[PDB]
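In: Fold the following, please.
(8 chains, ligands or ions: 226)
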Amino acid sequence: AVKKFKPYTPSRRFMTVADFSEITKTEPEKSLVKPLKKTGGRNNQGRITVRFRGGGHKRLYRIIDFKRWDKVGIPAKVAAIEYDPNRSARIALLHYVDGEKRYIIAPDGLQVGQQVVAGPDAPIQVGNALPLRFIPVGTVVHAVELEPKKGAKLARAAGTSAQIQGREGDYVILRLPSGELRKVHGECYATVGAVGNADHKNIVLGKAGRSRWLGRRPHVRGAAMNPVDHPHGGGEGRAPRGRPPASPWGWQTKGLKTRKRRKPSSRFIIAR
Amino acid sequence: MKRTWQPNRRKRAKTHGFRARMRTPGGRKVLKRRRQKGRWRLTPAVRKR
RNA sequence: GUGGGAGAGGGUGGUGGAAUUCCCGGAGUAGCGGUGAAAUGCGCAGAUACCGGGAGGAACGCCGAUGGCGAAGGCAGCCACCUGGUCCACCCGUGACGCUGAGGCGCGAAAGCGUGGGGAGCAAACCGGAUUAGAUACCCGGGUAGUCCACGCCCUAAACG
RNA sequence: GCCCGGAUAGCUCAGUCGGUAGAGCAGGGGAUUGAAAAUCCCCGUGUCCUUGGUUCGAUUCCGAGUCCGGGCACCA
RNA sequence: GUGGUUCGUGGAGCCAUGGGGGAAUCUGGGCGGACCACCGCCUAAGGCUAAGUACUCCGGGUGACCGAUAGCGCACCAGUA
RNA sequence: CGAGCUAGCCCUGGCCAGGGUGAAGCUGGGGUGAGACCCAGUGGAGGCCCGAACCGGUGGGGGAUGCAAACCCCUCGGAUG
RNA sequence: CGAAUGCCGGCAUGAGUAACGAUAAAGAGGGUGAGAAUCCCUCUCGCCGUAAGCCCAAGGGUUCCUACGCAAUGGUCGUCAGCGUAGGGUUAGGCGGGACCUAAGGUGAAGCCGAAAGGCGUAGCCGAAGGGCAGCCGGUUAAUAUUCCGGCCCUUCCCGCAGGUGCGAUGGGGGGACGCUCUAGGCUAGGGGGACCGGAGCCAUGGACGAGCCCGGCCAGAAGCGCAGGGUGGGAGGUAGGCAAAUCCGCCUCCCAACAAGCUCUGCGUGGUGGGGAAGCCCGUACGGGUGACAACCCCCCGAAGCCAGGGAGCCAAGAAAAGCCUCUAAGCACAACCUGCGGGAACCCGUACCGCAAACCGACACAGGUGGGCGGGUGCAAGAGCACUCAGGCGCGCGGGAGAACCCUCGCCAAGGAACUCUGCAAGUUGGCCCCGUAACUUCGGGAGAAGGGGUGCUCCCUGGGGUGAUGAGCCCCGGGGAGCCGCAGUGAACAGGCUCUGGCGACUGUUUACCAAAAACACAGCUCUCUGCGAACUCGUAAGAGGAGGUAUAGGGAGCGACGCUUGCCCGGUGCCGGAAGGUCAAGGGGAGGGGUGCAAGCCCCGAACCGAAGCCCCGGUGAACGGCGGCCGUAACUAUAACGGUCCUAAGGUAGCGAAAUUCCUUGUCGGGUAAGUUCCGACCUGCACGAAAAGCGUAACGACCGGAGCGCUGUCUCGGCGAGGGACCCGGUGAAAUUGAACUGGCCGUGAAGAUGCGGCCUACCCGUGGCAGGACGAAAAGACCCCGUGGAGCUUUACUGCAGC
RNA sequence: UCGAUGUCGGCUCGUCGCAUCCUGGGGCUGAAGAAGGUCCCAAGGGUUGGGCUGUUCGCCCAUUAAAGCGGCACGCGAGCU
Ligand SMILES: [K+]
Ligand SMILES: [K+]
Ligand SMILES: [K+]
Ligand SMILES: [K+]
Ligand SMILES: [K+]
Ligand SMILES: [K+]
Ligand SMILES: [K+]
Ligand SMILES: [K+]
Ligand SMILES: [K+]
Ligand SMILES: [K+]
Ligand SMILES: [K+]
Ligand SMILES: [K+]
Ligand SMILES: [K+]
Ligand SMILES: [K+]
Ligand SMILES: [K+]
Ligand SMILES: [K+]
Ligand SMILES: [K+]
Ligand SMILES: [K+]
Ligand SMILES: [K+]
Ligand SMILES: [K+]
Ligand SMILES: [K+]
Ligand SMILES: [K+]
Ligand SMILES: [K+]
Ligand SMILES: [K+]
Ligand SMILES: [K+]
Ligand SMILES: [K+]
Ligand SMILES: [K+]
Ligand SMILES: [K+]
Ligand SMILES: [K+]
Ligand SMILES: [K+]
Ligand SMILES: [K+]
Ligand SMILES: [K+]
Ligand SMILES: [K+]
Ligand SMILES: [K+]
Ligand SMILES: [K+]
Ligand SMILES: [K+]
Ligand SMILES: [K+]
Ligand SMILES: [K+]
Ligand SMILES: [K+]
Ligand SMILES: [K+]
Ligand SMILES: [K+]
Ligand SMILES: [K+]
Ligand SMILES: [K+]
Ligand SMILES: [K+]
Ligand SMILES: [K+]
Ligand SMILES: [K+]
Ligand SMILES: [K+]
Ligand SMILES: [K+]
Ligand SMILES: [K+]
Ligand SMILES: [K+]
Ligand SMILES: [K+]
Ligand SMILES: [K+]
Ligand SMILES: [K+]
Ligand SMILES: [K+]
Ligand SMILES: [K+]
Ligand SMILES: [K+]
Ligand SMILES: [K+]
Ligand SMILES: [Mg+2]
Ligand SMILES: [Mg+2]
Ligand SMILES: [Mg+2]
Ligand SMILES: [Mg+2]
Ligand SMILES: [Mg+2]
Ligand SMILES: [Mg+2]
Ligand SMILES: [Mg+2]
Ligand SMILES: [Mg+2]
Ligand SMILES: [Mg+2]
Ligand SMILES: [Mg+2]
Ligand SMILES: [Mg+2]
Ligand SMILES: [Mg+2]
Ligand SMILES: [Mg+2]
Ligand SMILES: [Mg+2]
Ligand SMILES: [Mg+2]
Ligand SMILES: [Mg+2]
Ligand SMILES: [Mg+2]
Ligand SMILES: [Mg+2]
Ligand SMILES: [Mg+2]
Ligand SMILES: [Mg+2]
Ligand SMILES: [Mg+2]
Ligand SMILES: [Mg+2]
Ligand SMILES: [Mg+2]
Ligand SMILES: [Mg+2]
Ligand SMILES: [Mg+2]
Ligand SMILES: [Mg+2]
Ligand SMILES: [Mg+2]
Ligand SMILES: [Mg+2]
Ligand SMILES: [Mg+2]
Ligand SMILES: [Mg+2]
Ligand SMILES: [Mg+2]
Ligand SMILES: [Mg+2]
Ligand SMILES: [Mg+2]
Ligand SMILES: [Mg+2]
Ligand SMILES: [Mg+2]
Ligand SMILES: [Mg+2]
Ligand SMILES: [Mg+2]
Ligand SMILES: [Mg+2]
Ligand SMILES: [Mg+2]
Ligand SMILES: [Mg+2]
Ligand SMILES: [Mg+2]
Ligand SMILES: [Mg+2]
Ligand SMILES: [Mg+2]
Ligand SMILES: [Mg+2]
Ligand SMILES: [Mg+2]
Ligand SMILES: [Mg+2]
Ligand SMILES: [Mg+2]
Ligand SMILES: [Mg+2]
Ligand SMILES: [Mg+2]
Ligand SMILES: [Mg+2]
Ligand SMILES: [Mg+2]
Ligand SMILES: [Mg+2]
Ligand SMILES: [Mg+2]
Ligand SMILES: [Mg+2]
Ligand SMILES: [Mg+2]
Ligand SMILES: [Mg+2]
Ligand SMILES: [Mg+2]
Ligand SMILES: [Mg+2]
Ligand SMILES: [Mg+2]
Ligand SMILES: [Mg+2]
Ligand SMILES: [Mg+2]
Ligand SMILES: [Mg+2]
Ligand SMILES: [Mg+2]
Ligand SMILES: [Mg+2]
Ligand SMILES: [Mg+2]
Ligand SMILES: [Mg+2]
Ligand SMILES: [Mg+2]
Ligand SMILES: [Mg+2]
Ligand SMILES: [Mg+2]
Ligand SMILES: [Mg+2]
Ligand SMILES: [Mg+2]
Ligand SMILES: [Mg+2]
Ligand SMILES: [Mg+2]
Ligand SMILES: [Mg+2]
Ligand SMILES: [Mg+2]
Ligand SMILES: [Mg+2]
Ligand SMILES: [Mg+2]
Ligand SMILES: [Mg+2]
Ligand SMILES: [Mg+2]
Ligand SMILES: [Mg+2]
Ligand SMILES: [Mg+2]
Ligand SMILES: [Mg+2]
Ligand SMILES: [Mg+2]
Ligand SMILES: [Mg+2]
Ligand SMILES: [Mg+2]
Ligand SMILES: [Mg+2]
Ligand SMILES: [Mg+2]
Ligand SMILES: [Mg+2]
Ligand SMILES: [Mg+2]
Ligand SMILES: [Mg+2]
Ligand SMILES: [Mg+2]
Ligand SMILES: [Mg+2]
Ligand SMILES: [Mg+2]
Ligand SMILES: [Mg+2]
Ligand SMILES: [Mg+2]
Ligand SMILES: [Mg+2]
Ligand SMILES: [Mg+2]
Ligand SMILES: [Mg+2]
Ligand SMILES: [Mg+2]
Ligand SMILES: [Mg+2]
Ligand SMILES: [Mg+2]
Ligand SMILES: [Mg+2]
Ligand SMILES: [Mg+2]
Ligand SMILES: [Mg+2]
Ligand SMILES: [Mg+2]
Ligand SMILES: [Mg+2]
Ligand SMILES: [Mg+2]
Ligand SMILES: [Mg+2]
Ligand SMILES: [Mg+2]
Ligand SMILES: [Mg+2]
Ligand SMILES: [Mg+2]
Ligand SMILES: [Mg+2]
Ligand SMILES: [Mg+2]
Ligand SMILES: [Mg+2]
Ligand SMILES: [Mg+2]
Ligand SMILES: [Mg+2]
Ligand SMILES: [Mg+2]
Ligand SMILES: [Mg+2]
Ligand SMILES: [Mg+2]
Ligand SMILES: [Mg+2]
Ligand SMILES: [Mg+2]
Ligand SMILES: [Mg+2]
Ligand SMILES: [Mg+2]
Ligand SMILES: [Mg+2]
Ligand SMILES: [Mg+2]
Ligand SMILES: [Mg+2]
Ligand SMILES: [Mg+2]
Ligand SMILES: [Mg+2]
Ligand SMILES: [Mg+2]
Ligand SMILES: [Mg+2]
Ligand SMILES: [Mg+2]
Ligand SMILES: [Mg+2]
Ligand SMILES: [Mg+2]
Ligand SMILES: [Mg+2]
Ligand SMILES: [Mg+2]
Ligand SMILES: [Mg+2]
Ligand SMILES: [Mg+2]
Ligand SMILES: [Mg+2]
Ligand SMILES: [Mg+2]
Ligand SMILES: [Mg+2]
Ligand SMILES: [Mg+2]
Ligand SMILES: [Mg+2]
Ligand SMILES: [Mg+2]
Ligand SMILES: [Mg+2]
Ligand SMILES: [Mg+2]
Ligand SMILES: [Mg+2]
Ligand SMILES: [Mg+2]
Ligand SMILES: [Mg+2]
Ligand SMILES: [Mg+2]
Ligand SMILES: [Mg+2]
Ligand SMILES: [Mg+2]
Ligand SMILES: [Mg+2]
Ligand SMILES: [Mg+2]
Ligand SMILES: [Mg+2]
Ligand SMILES: [Mg+2]
Ligand SMILES: [Mg+2]
Ligand SMILES: [Mg+2]
Ligand SMILES: [Mg+2]
Ligand SMILES: [Mg+2]
Ligand SMILES: [Mg+2]
Ligand SMILES: [Mg+2]
Ligand SMILES: [Mg+2]
Ligand SMILES: [Mg+2]
Ligand SMILES: [Mg+2]
Ligand SMILES: [Mg+2]
Ligand SMILES: [Mg+2]
Ligand SMILES: [Mg+2]
Ligand SMILES: [Mg+2]
Ligand SMILES: [Mg+2]
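Out: Numbers count the residues shown, from 1 in each chain, chains lettered A, B, ... in the order given. Ligands and ions are numbered 1, 2, ... in the order given. What follows is the structure:
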């Protein structure tokens, strides 16, 4: 379900906006928002370390809960479902029965009203979070932790999910959004379900400006520069690549693998 | 056109000020030098009030 | 209307085992494939063949029929739910309400097409090996789209009785 | 105009350490067929482009010349 | 592995030391240009030590030094306008 | 030593006369088994249109020891992004 | 010292020359004074008026006011001045900032890093055109005024009274608190009108003594009262959350209440009282005073973009923080404290003049440039900040007088023709607004479209339908509709305001760029593919700490190419890249030491050192094309000829598929044919022999878009035949002021020759009295820049890579 | 001539040569006439307007008495483009 426009302007022909139906609250929960310092892609030296970043709508960080176990066994009521402009996924405002309000990243299905809770107990239901070991094999799950107590860091982007495939001692065999087969510790929490807002991948920004709203300044091809600037700089008209394609920093960029070989997590990966 | 000199009393002192010089060690030599030479003013003259 | 049937009729959601392929483990040695015969291919960097563990997809052996259902196209593992047509019995109810049907509207195999997803087997195109005078074919080794799902198109047929 | 390469059987081409040059196809004579083809058996003609030289001897080595093909003919 | 020394890897010792290994108290240890013997010379891994040496912001004395385009950038209210 | 010019980004403020066009959504009517859709009204979207401010700098003329070390006149581009 | 485009200084030439800095514009009378176009004053004239007026901010820093001055500064003049000399001038509890808050950022206890210097860094602190916070209207000075004075009104601190109540933090919680577009109600600012109120006066020139003309008819105001609107449920129980504790907030369950009310809060009207108060006329002011007056002070209409304001609706890109403030409890204290009234007292530092779209700021200048926010009246024109005029206000641009040439510039008209001009309709025309009618191919269905093309447009009288405000009524507004008629060459009568079409290329589009010769077909762009990247991600900056990535997590992030969209995107993996290969070769330090060597009388001590064990890399084996890349030759053959579907053979990793094709690519070439034209190197359609297209350095198309680039036509025209006239600003003459590059020195002619090969300068001849003014550009191989092309230099720089050697990195 | 001698074409303005394109005069003719041919004298004047291309050139359109060729730094950018 995605919004389209009639072509009453060039660039409305193809523009497409998310259907905002599952959205329930519109202003966010004040006691749960910080201002986020916008970098423009600049590091603590005043120096761009990520090109073509900046501008883009002013935003307000929603502090969201990626460690669910700091409230084991207290249920919560899904109070709202609202837009969070700091991620692709939509956040669920929930209301704990001891009165604490916290932000969850909303799974698919989860509707205003239901109960949610996290702990070893935790019925196997969408919204609930459990140490991985007590999650039925083959369940699809999201917001996984990579190591225990370090907080969810996996399958959080709109429509993502991992699948529990098997177990080996303290480690369960996970299939990540990227098809890769990782062992992950059992005491790693994970809330069950997939992430939802799955149509996300179907919006069509439509015009140069929509990119600009998202903090994305134009991106200029190596081809388009001169050789001071870039390996593909120069030539007379137009120039084939001329060499193994490369980055402004000169490294190969069609194939050249960069994950460090010696990396200790090598031991717990099995895929691609 | 718009020329290059666009006076700003705050910018002038933030940038060439005595305090500014004494922060960086390069600046303290800039002072060290203007003293050792006799310059009547070590830092540019500005005007807060 | 009332009571009943038979049924691979349709839609949905689940679920089972055989087999193929790939992966890991174990044990094992020089061939395995393939064909008319071959070659290409695969294999001591440990293949084929055998055991165990897993992953994934697609199709449902026996039952099975010259059988059944559907208007047609078509439909076949099993389970539930939702749902269409039909048949019989009984002779209760309406009372000619019937037949057909130009246009309209809906369904409509396969291939194809769009957006996603999926991808084990198979396989247009394509590549090799062969055969031939040539072989842009038939046979062989590989192989993409497609084949599968969802939504939306296309509307064809020896859509045949 | 400038430099590189090539020129061998009818056609397309290997090839040589200086001495007797081959491959496929075409062609020829036989066979098979009713007849052609495909198949099969047997058969090369070559003055190795022209010219001059090196040699005992040159298709083979050398210098030129035709001819063909390829690159170049830039600042102007 | 380097630096220092005349020593640019050279027969490359001596002094120093980032890395590794790692002792002994005089019958101990370092040195005399690889190394060995011999014969000598020294006493590592704690510290201090005037003077003789260098310099001229400052004061003075001199000049086969300048004399206002010279001499300091400045003889004058110049590191100023 | 410089980002008081210029380039980009960050924080916090401000600005854009007046006209046009009339998207979706609504609401009614039609339609149908239900729908799709159709028509009207409302509505007031847009790197939408005309045009000042403002931002520009197309073409032409002028200037060329200039008014001006890039200006002027006519003309033209954007003008809710 | 004679040369170094030498250095410093002086003074010449060009020269009384160019210039005197917007073509808004001047004239006179009077006055002052040694002296006046330039200063004062009056009268007339012109110019600005979304400014060329007025108010803040920044900058500048005495320029402000006055008196006395004119050497210089002023593009002339100067009696004047933004100049000289002196003297005066800037008043705040409420305006701005500070004894308040936080933002990015800066700084920075703790703590981390780094040879040194220093780099980072949670808290804290700093940091504002953001939050917060108490003054409005008049009057007065030569010059300040929300600052002084008047009237009216507030804030905070201290100390009292009285009355309240568990008080009490830097801790908890609420609030503060937030986008963009559209926007209702009710007001206010501001305006227009009045037959009404007030007012000096007026009756001209034919008429008018009129409900005539002219002028004005308000401003501030506490409490309370109204009219608008904002914000907010009330109670009770439970409680594990809000890093202690809460009675607060949060969550739960009860109840009453609920489109309100009530409580608050703000705006607006009113309101004690206070102020203002025209034109005109007379005052002597460079300008202010007197009077007008006991001024009046009312009604109606328009109406904000401002106010009520945290209002409402829609939308996606999802819209600061901290304090002040309210609540809550902790220690501590409750003979404290706080809250509420009302009283007295206390209330500091800094700024304040003037300029401020400009002669005071940035541009070396009294520079036609640049400079942020607010106000910016009236009438008309469909609207408006547009356009014309014009109010308040301000100005005529700090050289003038004449003249009436060329020529230049800006501008107006042109008979006939109408693009014949030319690289090109360059330029200039035409067209222009609003209303109505009407509008094609093609299309992505929105568009194309203002397509095209037409008709209308003023004024007068009669009829007449709606709105708004009043009241349903009058008046005042607004949107109209019908019919008669009038005058001109002309009714958007001035001013502002598209020329149109057809057909190609390129780019889809809006955007972006070479500040200052290129705005584009270039860049970007949604979108598509490839690839890396499992998170202490990859990548980027940094020696490091750290940081960006990202408070993100494969629907995400980096890199590369392609560039909406449609239909597509072929074959080649031999070489190069990348990917995969737990075997094999090779392979450095290391290990290991067969076996030698040097020395010692030996025990030793010290060197070499063969196997063999040794990684990555390379080789090797495979993969890989939206990875770098590549994508053939010759000969023959058909029953007229021609041509070759077909065959033969050499070579290759493989031999270019669809589409397209003399093209932004085609050399021959103006290819050939067809179309347009009387004529077409261009353009369009074709053909294919593609010198040397061809598929994501994408291929072929594509509606729409374009200050791109091309061909054509229609309209119109001084572009042209081919010029004429005219206006103004210069040029020219006179008065004032007065430069510049350049310059060996000059007494500086023509020809034919000669000369280092292009002579004022030599020869011969010929011409020629001395000196200027306006003009033109043939020559002084005229000026200007130590040629920018070319070469040279064992000169330099940017850039490339399978050049060398290295270093970072891996 | 590199301490600079601006370079094609167009425009404008010409001027000179004559080996003459026209006009004028002539000899010869395979000159009946008329029209030509060829060569001689002659430089006084004349020598068009368009399409195409930056073009010079050239080719074409329509004319004409004719539609001359060369030089002057392939005349002329302190004259323009
Ligand atoms: K790009
Ligand atoms: K390029
Ligand atoms: K056969
Ligand atoms: K197969
Ligand atoms: K496949
Ligand atoms: K059938
Ligand atoms: K059948
Ligand atoms: K060969
Ligand atoms: K042969
Ligand atoms: K040494
Ligand atoms: K030692
Ligand atoms: K020694
Ligand atoms: K010694
Ligand atoms: K000492
Ligand atoms: K002197
Ligand atoms: K000096
Ligand atoms: K509508
Ligand atoms: K609109
Ligand atoms: K000199
Ligand atoms: K002079
Ligand atoms: K003037
Ligand atoms: K006005
Ligand atoms: K003077
Ligand atoms: K001046
Ligand atoms: K005087
Ligand atoms: K502030
Ligand atoms: K508090
Ligand atoms: K708070
Ligand atoms: K008023
Ligand atoms: K003041
Ligand atoms: K004159
Ligand atoms: K012409
Ligand atoms: K009325
Ligand atoms: K217009
Ligand atoms: K395209
Ligand atoms: K520049
Ligand atoms: K443009
Ligand atoms: K560009
Ligand atoms: K972050
Ligand atoms: K290849
Ligand atoms: K390869
Ligand atoms: K390969
Ligand atoms: K062609
Ligand atoms: K080509
Ligand atoms: K033609
Ligand atoms: K353009
Ligand atoms: K001249
Ligand atoms: K050399
Ligand atoms: K010269
Ligand atoms: K030269
Ligand atoms: K003649
Ligand atoms: K003549
Ligand atoms: K030509
Ligand atoms: K020349
Ligand atoms: K010129
Ligand atoms: K020229
Ligand atoms: K000249
Ligand atoms: Mg907050
Ligand atoms: Mg810094
Ligand atoms: Mg470029
Ligand atoms: Mg750079
Ligand atoms: Mg490079
Ligand atoms: Mg390149
Ligand atoms: Mg370039
Ligand atoms: Mg190229
Ligand atoms: Mg990967
Ligand atoms: Mg300057
Ligand atoms: Mg001093
Ligand atoms: Mg059934
Ligand atoms: Mg079924
Ligand atoms: Mg195995
Ligand atoms: Mg049934
Ligand atoms: Mg009956
Ligand atoms: Mg009956
Ligand atoms: Mg079908
Ligand atoms: Mg199908
Ligand atoms: Mg698919
Ligand atoms: Mg041959
Ligand atoms: Mg011979
Ligand atoms: Mg050394
Ligand atoms: Mg050496
Ligand atoms: Mg030693
Ligand atoms: Mg020794
Ligand atoms: Mg010795
Ligand atoms: Mg003396
Ligand atoms: Mg001196
Ligand atoms: Mg002297
Ligand atoms: Mg001096
Ligand atoms: Mg700046
Ligand atoms: Mg900046
Ligand atoms: Mg726009
Ligand atoms: Mg404004
Ligand atoms: Mg401005
Ligand atoms: Mg500007
Ligand atoms: Mg311009
Ligand atoms: Mg010009
Ligand atoms: Mg404009
Ligand atoms: Mg516009
Ligand atoms: Mg914006
Ligand atoms: Mg001299
Ligand atoms: Mg002097
Ligand atoms: Mg002097
Ligand atoms: Mg002169
Ligand atoms: Mg003159
Ligand atoms: Mg003059
Ligand atoms: Mg006068
Ligand atoms: Mg006078
Ligand atoms: Mg005026
Ligand atoms: Mg105006
Ligand atoms: Mg003014
Ligand atoms: Mg100031
Ligand atoms: Mg100044
Ligand atoms: Mg003054
Ligand atoms: Mg003077
Ligand atoms: Mg003055
Ligand atoms: Mg003065
Ligand atoms: Mg204050
Ligand atoms: Mg104090
Ligand atoms: Mg603070
Ligand atoms: Mg710091
Ligand atoms: Mg403030
Ligand atoms: Mg204040
Ligand atoms: Mg006053
Ligand atoms: Mg004043
Ligand atoms: Mg006042
Ligand atoms: Mg309390
Ligand atoms: Mg309103
Ligand atoms: Mg008022
Ligand atoms: Mg009005
Ligand atoms: Mg009035
Ligand atoms: Mg009276
Ligand atoms: Mg009279
Ligand atoms: Mg009267
Ligand atoms: Mg009267
Ligand atoms: Mg009032
Ligand atoms: Mg009031
Ligand atoms: Mg309540
Ligand atoms: Mg309680
Ligand atoms: Mg607590
Ligand atoms: Mg209320
Ligand atoms: Mg009085
Ligand atoms: Mg609101
Ligand atoms: Mg604070
Ligand atoms: Mg003031
Ligand atoms: Mg002024
Ligand atoms: Mg002012
Ligand atoms: Mg202003
Ligand atoms: Mg002024
Ligand atoms: Mg002024
Ligand atoms: Mg002014
Ligand atoms: Mg002036
Ligand atoms: Mg100015
Ligand atoms: Mg100035
Ligand atoms: Mg105005
Ligand atoms: Mg107004
Ligand atoms: Mg107006
Ligand atoms: Mg108008
Ligand atoms: Mg006036
Ligand atoms: Mg002016
Ligand atoms: Mg003037
Ligand atoms: Mg005319
Ligand atoms: Mg005419
Ligand atoms: Mg005409
Ligand atoms: Mg023409
Ligand atoms: Mg034009
Ligand atoms: Mg007009
Ligand atoms: Mg048409
Ligand atoms: Mg339309
Ligand atoms: Mg129209
Ligand atoms: Mg029209
Ligand atoms: Mg009329
Ligand atoms: Mg009239
Ligand atoms: Mg073309
Ligand atoms: Mg474009
Ligand atoms: Mg536009
Ligand atoms: Mg554009
Ligand atoms: Mg430029
Ligand atoms: Mg440039
Ligand atoms: Mg620009
Ligand atoms: Mg430049
Ligand atoms: Mg230009
Ligand atoms: Mg330009
Ligand atoms: Mg980090
Ligand atoms: Mg990306
Ligand atoms: Mg990217
Ligand atoms: Mg591109
Ligand atoms: Mg490898
Ligand atoms: Mg090995
Ligand atoms: Mg070794
Ligand atoms: Mg060893
Ligand atoms: Mg290796
Ligand atoms: Mg290989
Ligand atoms: Mg390709
Ligand atoms: Mg033609
Ligand atoms: Mg042309
Ligand atoms: Mg290409
Ligand atoms: Mg390609
Ligand atoms: Mg392209
Ligand atoms: Mg094309
Ligand atoms: Mg197109
Ligand atoms: Mg003319
Ligand atoms: Mg004239
Ligand atoms: Mg005139
Ligand atoms: Mg003169
Ligand atoms: Mg004069
Ligand atoms: Mg000179
Ligand atoms: Mg001569
Ligand atoms: Mg002589
Ligand atoms: Mg002579
Ligand atoms: Mg003269
Ligand atoms: Mg010259
Ligand atoms: Mg030179
Ligand atoms: Mg030069
Ligand atoms: Mg240059
Ligand atoms: Mg060199
Ligand atoms: Mg060199
Ligand atoms: Mg010279
Ligand atoms: Mg002659
Ligand atoms: Mg005759
Ligand atoms: Mg002549
Ligand atoms: Mg002549
Ligand atoms: Mg002609
Ligand atoms: Mg020549
Ligand atoms: Mg010549
Ligand atoms: Mg020439
Ligand atoms: Mg000339």
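
In: How about residues contacting the helix ranked longest in chain B?
Out: Criterion DSSP state H: the longest helix present in chain B is helix B:25-37. Here helix B:25-37 makes contact (C-beta atoms under 8 Å, 6 or more residues apart in numbering or on different chains) with B:18, B:20, B:21, B:22, B:42, B:43. C-beta: built from backbone N, CA, C; applies to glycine.

In: what sits against the second one?
Out: Residues in contact with residue B:20, defined by C-beta under 8 Å, 6+ apart, are B:13, B:14, B:27, B:43.

In: try the fifth one
Out: With contact set as C-beta under 8 Å, 6+ apart, residue B:42 has these partners: B:18, B:21, B:31, B:34, B:35.

In: Kindly recompute the last result at 10 Å.
Out: Listed by C-beta atoms under 10 Å, 6 or more residues apart in numbering or on different chains, the contact partners of residue B:42 are B:18, B:21, B:30, B:31, B:32, B:33, B:34, B:35.

In: what's around the last one, how many residues?
Out: A total of 10 residues lie near residue B:35 under the criterion other C-beta atoms under 10 Å in any protein chain shown.

In: Next, format the contacts of residue B:42 as CSV and append distance to residue A:179.
Out: Formatted as CSV, those follow (distance: C-beta to C-beta, whole Å):
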residue, distance to residue A:179
B:18, 63
B:21, 60
B:30, 61
B:31, 64
B:32, 65
B:33, 65
B:34, 67
B:35, 70
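
In: Would you check which of these are in contact with ligand 2?
Out: Near ligand 2, judged by C-beta under 5 Å from the ion, there are no entries from the contacts of residue B:42.

In: what about residue B:19, which SS state?
Out: helix (DSSP: H, G, I helix; E, B strand; the rest coil).

In: Cross-reference the contacts of residue B:20 with the helices and report the matches.
Out: Mapping these onto helices (DSSP H) picks out B:13, B:14, B:27.

In: Name only those of those residues that count as buried.
Out: Among the ones in helices among the contacts of residue B:20, the ones that count as buried by 16 or more other C-beta atoms under 10 Å in any protein chain shown are B:13, B:27.

In: Kindly confirm my reading that residue A:120 is in a strand.
Out: No - the assignment for residue A:120, made by three-state DSSP, is coil rather than a strand.

In: doesn't residue A:128 make contact with it?
Out: No - contact criterion C-beta atoms under 10 Å: residue A:120 and residue A:128 do not qualify, at 11.1 Å.

In: Compare the two and say which is more crowded by neighbours.
Out: A side-by-side neighbour count of residue A:120 and residue A:128, using other C-beta under 10 Å, places residue A:128 first with 24 against 12.
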